[PDB]
Amino acid sequence: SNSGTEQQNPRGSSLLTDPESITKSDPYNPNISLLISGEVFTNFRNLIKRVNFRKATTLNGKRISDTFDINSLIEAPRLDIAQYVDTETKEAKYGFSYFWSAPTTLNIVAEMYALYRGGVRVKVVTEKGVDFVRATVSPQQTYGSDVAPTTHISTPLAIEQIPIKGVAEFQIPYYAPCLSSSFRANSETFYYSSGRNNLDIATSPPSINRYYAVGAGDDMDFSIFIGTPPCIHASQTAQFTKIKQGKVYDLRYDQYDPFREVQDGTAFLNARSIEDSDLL
Amino acid sequence: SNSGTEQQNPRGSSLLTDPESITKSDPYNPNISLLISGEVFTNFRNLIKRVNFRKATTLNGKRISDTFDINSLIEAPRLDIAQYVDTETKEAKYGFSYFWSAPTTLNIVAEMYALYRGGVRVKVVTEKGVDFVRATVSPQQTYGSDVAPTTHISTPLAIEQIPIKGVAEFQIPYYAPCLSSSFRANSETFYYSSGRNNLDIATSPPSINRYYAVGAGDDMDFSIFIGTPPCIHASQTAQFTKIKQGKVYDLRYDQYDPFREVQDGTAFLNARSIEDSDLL
Amino acid sequence: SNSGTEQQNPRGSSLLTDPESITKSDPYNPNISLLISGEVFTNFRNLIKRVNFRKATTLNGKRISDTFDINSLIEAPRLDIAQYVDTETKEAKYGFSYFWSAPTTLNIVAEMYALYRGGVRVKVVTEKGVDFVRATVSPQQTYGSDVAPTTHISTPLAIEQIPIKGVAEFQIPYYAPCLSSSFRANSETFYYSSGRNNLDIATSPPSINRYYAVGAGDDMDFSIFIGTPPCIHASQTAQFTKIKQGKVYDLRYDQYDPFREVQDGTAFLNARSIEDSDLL
Amino acid sequence: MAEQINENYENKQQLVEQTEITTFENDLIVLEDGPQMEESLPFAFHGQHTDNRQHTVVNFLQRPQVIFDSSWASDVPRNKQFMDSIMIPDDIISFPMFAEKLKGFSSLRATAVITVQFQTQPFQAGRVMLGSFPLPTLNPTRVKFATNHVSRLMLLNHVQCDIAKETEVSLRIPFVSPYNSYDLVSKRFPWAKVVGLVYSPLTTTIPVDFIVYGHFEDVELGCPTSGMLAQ
Amino acid sequence: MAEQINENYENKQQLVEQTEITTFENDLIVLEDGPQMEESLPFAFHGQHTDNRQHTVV
């Protein structure tokens with residue numbers, strides 16, 4: 001029945017069967033998601049296909065390249081602690097911040113799982129006057145050499161022409177030695193479980209601002225459930241404390257998305273990423 | 001078995017089945033009431049047919065009538081507390097008393113039940129020289145009138161002639177609005193559950209003493225068991241304490257039965273009927 | 001299983017069935033006593049047939065007879081406490097002693113049981129020059145007479161000739177009124193449960209030393225298990241404490257066996273048999 | 001399923017007795033007693049207190065209930081009200097016959113039936129209109145413009161009455177809502193506002209009297225509830 | 001009968017052993033032991049103490 005001496009609802013039992021209803025009758029209503037929503041949601045494997053903006057490269061110069069790791073995009077970005085100092089009264093106020101970053105639909109799902117398997121999709125938005133954008137992957141480490149080449153002759157090349165297609169869409173395959181790879185940082189050094197890959201986005205002519213939006217490729221799959229990640233309230237984006245030189249938003253963020261307003265928060269003074277050892 | 005954890009002999013189970021014998025064998029002996037007694041007793045419905053004397057009307061004058069309620073005869077009479085004062089030493093002695101009354105076979109059974117249904121049988125014994133006795137019932141209340149008539153023209157009349165039949169036997173039917181009626185006193189006044197009837201016993205020529213014996217009519221039936229009534233020991237009839245002017249019997253009683261000796265107990269001084277609130 | 005709430009190995013259950021093995025498999029190895037020992041041992045009924053020496057008659061003179069009870073041979077001999085006094089320093093040392101006696105194979109088995117049934121076998125060894133040995137049984141008590149005869153005319157006689165058969169072997173039957181008899185001492189005197197028999201061993205010419213070895217006759221049978229007897233360690237035979245005049249062996253014993261060395265222990269001064277009331 | 005090997009506690013699946021709504025699940029012992037061998041008296045012996053019929057809670061809602069009982073003279077002209085407006089079902093279920101029954105129910109989904117009587121001796125003239133504006137609390141912007149004028153009410157769902165011809169008139173208003181039902185515990189989202197206009201004035205001095213009845217059909221009662229909210 | 005739904009106490013109808021006159025009705029456990037595989041000696045071996053007859057109290 002609903003109560004007893006044996007465990008009435010353990011994990012292994014909850015996955016398969018529900019306890020008796022309080023009504024002692026059928027408690028279930030029929031699925032009508034397709035009848036109101038107009039669409040049906042059942043699996044996060046499909047929802048990760050949705051592409052949202054993930055990072056932005058601003059603080060370099062007028063370069064013709066931007067190299068960065070791919071697995072770092074499956075992670076949710078690091079949350080930072082921002083020190084603000086009042087230009088007048090000189091007391092410190094403290095908030096949170098995403099340094100030129102933000103999570104994706106993909107990152108909400110990937111942070112519940114341990115390993116991944118499949119290709120990552122990267123779409124780029126550039127500034128005006130850019131004619132081309134080129135994408136190439138390279139192994140980040142010529143194993144056994146202290147240095148990696150600056151060119152390659154057999155790597156993939158993919159050219160998109162901005163003034164006729166404004167978003168440069170690329171798909172980066174899954175190239176790793178193992179069945180399913182790892183995407184979070186570790187100190188393992190004996191041999192590796194991640195497929196360590198670079199991705200070089202070029203612009204002709206060279207430009208400064210690169211806006212990246214990431215999403216799941218068709219073959220995207222995560223493996224082992226581990227649990228819900230550390231989160232921050234979305235309402236904390238609009239809460240602010242006012243000081244002399246401007247506003248201090250609890251959740252400070254940059255123009256990572258080339259289509260979002262720039263929030264009117266003053267720049268911080270120091271940034272510190274929350275470490276796993278900082279949790280109390 | 002004979003013992004255990006469940007209730008070994010609840011009420012509902014006692015009505016139907018007996019527990020195992022201490023002998024673990026058949027404990028029953030065969031009924032031989034008809035073989036020794038010469039008669040069989042199984043139901044109180046038959047035993048109430050036995051007529052015994054119930055009340056007596058002495059303290060009126062030489063009247064030609066005696067009107068009184070019928071349901072009061074199914075009750076057992078009220079027990080009274082008698083105050084006796086010693087004509088010499090002037091200290092009080094206290095006993096019990098039935099004021100010109102006594103219970104019947106009928107009253108022993110009727111006091112175990114809540115409602116009744118059926119006719120009551122009344123038999124009268126009068127003094128010498130009485131020629132006739134007449135019986136009539138009347139409703140006691142002309143509903144909606146402050147007064148009831150003193151005559152009736154369609155009521156039952158029943159005449160018995162004493163010097164040729166010395167006991168005037170009458171049978172009073174069951175006339176009440178409800179299936180089974182009530183016979184005890186209550187304060188209900190909205191509408192009534194008792195069939196309130198008078199019964200007028202006449203004598204030609206008019207006489208003083210009327211001795212009444214009551215019994216159950218054929219259709220007599222009681223309904224709901226309620227329990228054993230408040231009783232008094234029968235041996236208390238002969239126990240007495242002596243004072244100057246005579247004997248003080250613990251259970252004092254009048255010549256209710258025109259065939260019983262008059263007990264040699266002095267009259268009391270005050271009488272008080274035991275109320276339900278007097279019980280401690 | 002191996003454990004539980006009910007008694008996992010009572011006596012009545014141990015006689016028939018063993019508990020489950022710790023291996024939860026077959027714990028039994030096959031009998032290979034016949035394959036290593038060359039012989040099989042299963043019942044003490046056969047082992048008692050082995051004849052060992054039991055008592056010795058030394059402290060009489062050059063007699064032509066030696067009469068003694070037969071049931072006393074089924075008992076194990078009495079253990080005695082020996083007082084030794086140091087001829088020099090005059091302090092007492094204390095040990096144990098078998099006075100011209102010792103137990104038999106038979107006595108190891110008979111002391112586990114209450115009653116016996118069957119014949120006893122007695123074999124005699126005498127000194128040199130003895131020509132004959134004769135054996136006869138007699139009832140020890142002419143019932144109802146204060147004295148028993150010194151001869152008999154219908155008793156059994158059995159003659160063995162030493163210089164042609166050095167061991168005089170006799171078999172004494174079971175002659176007792178009851179099914180199975182008793183062989184230990186008791187104070188019962190009303191009527192008797194033991195078959196009280198004497199046995200007279202003669203020598204022609206008369207001699208002093210008689211060495212007796214006892215064993216079980218074919219029909220030997222014991223009845224009721226009672227338990228293990230009071231024992232003494234066999235190693236205590238060689239342990240000794242030295243005093244001035246010689247050695248004091250913890251377990252002192254005489255030349256009961258005409259083929260064993262005489263142990264070099266000094267004679268005691270007093271002997272006291274351990275009574276049942278001496279146990280603490 | 002996580003497998004469980006229990007041998008010290010009985011799966012006491014009895015001692016579990018639901019009585020209509022309440023489920024008792026008991027340990028130790030459940031006991032029950034009374035006078036044994038129960039019988040009942042035949043129906044002639046009693047049953048002078050009942051009708052030869054049973055009443056559920058669905059009827060009591062199908063019963064017509066008087067809402068209005070009034071009149072209107074010749075002084076009120078076309079396009080003006082002759083009766084007060086009725087909120088469906090707030091001004092209906094607030095009468096004690098219905099409210100006492102709907103209590104203990106979460107919600108109500110049913111079509112409501114507004115019937116109106118009309119008294120006329122054959123010398124009186126006039127016509128009168130009875131319409132219903134759907135969901136007046138959800139589109140309050142549009143209520144009084146669709147009900148201040150005849151010919152904006154009658155293109156809505158309406159019912160007319162020629163005073164000298166119709167002595168009874170009944171408009172059937174089916175349930176209609178963005179939702180499934182009508183929340184009873186909070187009385188949220190009435191599905192119509194019945195309004196009564198004058199299509200043509202009276203031609204004599206003698207006023208006309210009218211009775212407004214209201215009941216429900218196609219009744220689907222909700223889940224049982226306590227039905228009390230904080231304040 | 002007043003109906004009783006018991007699931008925590010066994011209707012221990014055994015552990016109830018009448019011996020001629022006395023009835024024991026027991027909880028917990030009843031135990032009994034002795035020398036197993038009991039036999040009896042034939043009547044020639046004993047029975048020199050009895051007559052070939054039985055005597056009741058009648």
# chains A, B, ... in the order shown; residues from 1 in each chain; ligands from 1
$ residues_around --residues "residue 169 (chain D)" --least-positions-apart "4" --cutoff "8 Å" --atoms "only C-alpha atoms" --output "PDB file with N, CA, C and O atoms, in the first residue's frame"
ATOM      1  N   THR D 115     -33.959  30.915 -17.777  1.00  0.00           N
ATOM      2  CA  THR D 115     -35.338  30.994 -18.231  1.00  0.00           C
ATOM      3  C   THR D 115     -36.029  32.174 -17.562  1.00  0.00           C
ATOM      4  O   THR D 115     -35.783  32.466 -16.387  1.00  0.00           O
ATOM      5  N   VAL D 116     -36.881  32.863 -18.318  1.00  0.00           N
ATOM      6  CA  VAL D 116     -37.555  34.063 -17.847  1.00  0.00           C
ATOM      7  C   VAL D 116     -39.026  33.966 -18.206  1.00  0.00           C
ATOM      8  O   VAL D 116     -39.367  33.674 -19.353  1.00  0.00           O
ATOM      9  N   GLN D 117     -39.890  34.217 -17.235  1.00  0.00           N
ATOM     10  CA  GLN D 117     -41.327  34.264 -17.450  1.00  0.00           C
ATOM     11  C   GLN D 117     -41.776  35.699 -17.681  1.00  0.00           C
ATOM     12  O   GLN D 117     -41.068  36.649 -17.349  1.00  0.00           O
ATOM     13  N   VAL D 159     -31.982  35.944 -27.016  1.00  0.00           N
ATOM     14  CA  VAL D 159     -33.327  35.385 -27.089  1.00  0.00           C
ATOM     15  C   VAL D 159     -34.336  36.505 -26.869  1.00  0.00           C
ATOM     16  O   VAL D 159     -34.297  37.183 -25.839  1.00  0.00           O
ATOM     17  N   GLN D 160     -35.251  36.687 -27.818  1.00  0.00           N
ATOM     18  CA  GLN D 160     -36.261  37.738 -27.766  1.00  0.00           C
ATOM     19  C   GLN D 160     -37.596  37.202 -27.264  1.00  0.00           C
ATOM     20  O   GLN D 160     -37.845  36.002 -27.263  1.00  0.00           O
ATOM     21  N   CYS D 161     -38.468  38.122 -26.865  1.00  0.00           N
ATOM     22  CA  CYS D 161     -39.808  37.768 -26.402  1.00  0.00           C
ATOM     23  C   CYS D 161     -40.795  38.841 -26.828  1.00  0.00           C
ATOM     24  O   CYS D 161     -40.659  39.995 -26.419  1.00  0.00           O
TER      25      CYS D 161
END
$ closest_atom_pairs --of "chain A" --to "chain D" --cutoff "8 Å" --atoms "only C-alpha atoms" --output "CSV"
residue,atom,partner,partner_atom,distance
A:1,CA,D:13,CA,6.3
A:3,CA,D:25,CA,7.4
A:4,CA,D:11,CA,7.1
A:5,CA,D:9,CA,6.7
A:6,CA,D:4,CA,7.1
A:10,CA,D:2,CA,6.6
A:11,CA,D:2,CA,7.4
A:12,CA,D:2,CA,5.0
A:13,CA,D:1,CA,4.2
A:14,CA,D:1,CA,7.8
A:16,CA,D:1,CA,6.9
A:17,CA,D:1,CA,7.9
A:23,CA,D:21,CA,7.2
$ residues_around --residues "residue 46 (chain A)" --least-positions-apart "3" --cutoff "10 Å" --atoms "only C-alpha atoms" --output "PDB file with N, CA, C and O atoms, in the first residue's frame"
ATOM      1  N   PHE A  41       7.996  17.526 -25.963  1.00  0.00           N
ATOM      2  CA  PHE A  41       9.338  17.429 -25.401  1.00  0.00           C
ATOM      3  C   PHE A  41       9.463  16.165 -24.564  1.00  0.00           C
ATOM      4  O   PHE A  41       8.705  15.980 -23.604  1.00  0.00           O
ATOM      5  N   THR A  42      10.447  15.323 -24.902  1.00  0.00           N
ATOM      6  CA  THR A  42      10.672  14.072 -24.185  1.00  0.00           C
ATOM      7  C   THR A  42      12.134  13.842 -23.837  1.00  0.00           C
ATOM      8  O   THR A  42      12.426  13.177 -22.843  1.00  0.00           O
ATOM      9  N   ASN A  43      13.066  14.343 -24.639  1.00  0.00           N
ATOM     10  CA  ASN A  43      14.466  14.004 -24.424  1.00  0.00           C
ATOM     11  C   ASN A  43      15.349  15.231 -24.599  1.00  0.00           C
ATOM     12  O   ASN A  43      15.174  16.004 -25.545  1.00  0.00           O
ATOM     13  N   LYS A  49      20.171  20.605 -29.379  1.00  0.00           N
ATOM     14  CA  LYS A  49      20.426  21.112 -30.719  1.00  0.00           C
ATOM     15  C   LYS A  49      20.255  22.618 -30.793  1.00  0.00           C
ATOM     16  O   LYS A  49      20.785  23.245 -31.713  1.00  0.00           O
ATOM     17  N   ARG A  50      19.538  23.211 -29.841  1.00  0.00           N
ATOM     18  CA  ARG A  50      19.289  24.644 -29.877  1.00  0.00           C
ATOM     19  C   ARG A  50      20.575  25.414 -29.640  1.00  0.00           C
ATOM     20  O   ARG A  50      21.285  25.182 -28.660  1.00  0.00           O
ATOM     21  N   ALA A 216      24.664  21.786 -30.105  1.00  0.00           N
ATOM     22  CA  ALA A 216      24.963  20.371 -30.204  1.00  0.00           C
ATOM     23  C   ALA A 216      24.878  19.915 -31.652  1.00  0.00           C
ATOM     24  O   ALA A 216      23.911  20.238 -32.347  1.00  0.00           O
ATOM     25  N   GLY A 217      25.883  19.179 -32.097  1.00  0.00           N
ATOM     26  CA  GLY A 217      25.793  18.484 -33.361  1.00  0.00           C
ATOM     27  C   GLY A 217      24.851  17.303 -33.258  1.00  0.00           C
ATOM     28  O   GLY A 217      24.464  16.855 -32.182  1.00  0.00           O
ATOM     29  N   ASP A 218      24.472  16.783 -34.429  1.00  0.00           N
ATOM     30  CA  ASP A 218      23.480  15.719 -34.474  1.00  0.00           C
ATOM     31  C   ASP A 218      23.890  14.549 -33.594  1.00  0.00           C
ATOM     32  O   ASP A 218      23.082  14.028 -32.816  1.00  0.00           O
ATOM     33  N   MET A 220      25.438  14.316 -30.901  1.00  0.00           N
ATOM     34  CA  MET A 220      25.799  14.660 -29.530  1.00  0.00           C
ATOM     35  C   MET A 220      25.132  13.719 -28.544  1.00  0.00           C
ATOM     36  O   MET A 220      23.934  13.449 -28.642  1.00  0.00           O
ATOM     37  N   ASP A 221      25.906  13.242 -27.579  1.00  0.00           N
ATOM     38  CA  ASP A 221      25.414  12.287 -26.599  1.00  0.00           C
ATOM     39  C   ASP A 221      26.256  12.425 -25.345  1.00  0.00           C
ATOM     40  O   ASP A 221      27.486  12.496 -25.427  1.00  0.00           O
TER      41      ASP A 221
END
$ interface_residues --of "chain E" --to "chain D" --cutoff "10 Å" --atoms "only C-alpha atoms" --output "PDB file with C-alpha atoms, in the first residue's frame"
ATOM      1  CA  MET E   1     -19.115 -12.776  15.341  1.00  0.00           C
ATOM      2  CA  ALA E   2     -17.167  -9.614  16.045  1.00  0.00           C
ATOM      3  CA  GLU E   3     -14.688  -9.763  13.175  1.00  0.00           C
ATOM      4  CA  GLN E   4     -10.998  -9.414  13.975  1.00  0.00           C
ATOM      5  CA  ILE E   5      -8.225  -8.644  11.494  1.00  0.00           C
ATOM      6  CA  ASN E   6      -4.984  -9.802  13.113  1.00  0.00           C
ATOM      7  CA  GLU E   7      -1.639  -9.789  11.347  1.00  0.00           C
ATOM      8  CA  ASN E   8       0.898  -9.266  14.139  1.00  0.00           C
ATOM      9  CA  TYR E   9       0.125 -12.314  16.314  1.00  0.00           C
TER      10      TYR E   9
END
$ select_by_dssp --residues "region 68-187 of chain C" --states "alpha helix (DSSP H)" --output "ChimeraX atom specification"
/C:105-110
$ write_last_selection --atoms "C-alpha atoms" --output "PDB file, in the first residue's frame"
ATOM      1  CA  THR C 105      40.923 -51.635  28.524  1.00  0.00           C
ATOM      2  CA  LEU C 106      37.725 -53.084  29.958  1.00  0.00           C
ATOM      3  CA  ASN C 107      37.719 -50.552  32.784  1.00  0.00           C
ATOM      4  CA  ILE C 108      37.940 -47.592  30.427  1.00  0.00           C
ATOM      5  CA  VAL C 109      34.650 -48.616  28.810  1.00  0.00           C
ATOM      6  CA  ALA C 110      32.854 -49.976  31.850  1.00  0.00           C
TER       7      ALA C 110
END
$ residues_around --residues "residue 73 (chain D)" --least-positions-apart "5" --cutoff "9 Å" --atoms "only C-alpha atoms" --output "NGL selection string"
:D and (82 or 201-202 or 204-209)
$ atom_distance --atom1 "CA of residue 107 (chain D)" --atom2 "CA of residue 158 (chain D)"
26.4 Å
$ select_by_dssp --residues "region 49-224 of chain A" --states "strand (DSSP E or B)" --output "ChimeraX atom specification"
/A:52-57,63,67-69,80-85,92-98,101,113,115-117,120-126,132-138,158-161,168-172,181-182,198-204,207,210-216,221-222
$ closest_atom_pairs --of "region 164-243 of chain A" --to "region 136-156 of chain A" --cutoff "6 Å" --atoms "only C-alpha atoms" --output "tab-separated table"
residue	atom	partner	partner_atom	distance
A:197	CA	A:139	CA	4.6
A:198	CA	A:138	CA	5.1
A:199	CA	A:137	CA	4.5
A:200	CA	A:136	CA	5.3
$ residues_around --residues "residue 77 (chain B)" --least-positions-apart "2" --cutoff "9 Å" --atoms "only C-alpha atoms" --output "list in words"
residues 54, 55, 72, 73, 74, 75, 79, 98, 99, 101, 102, 103 and 107 of chain B
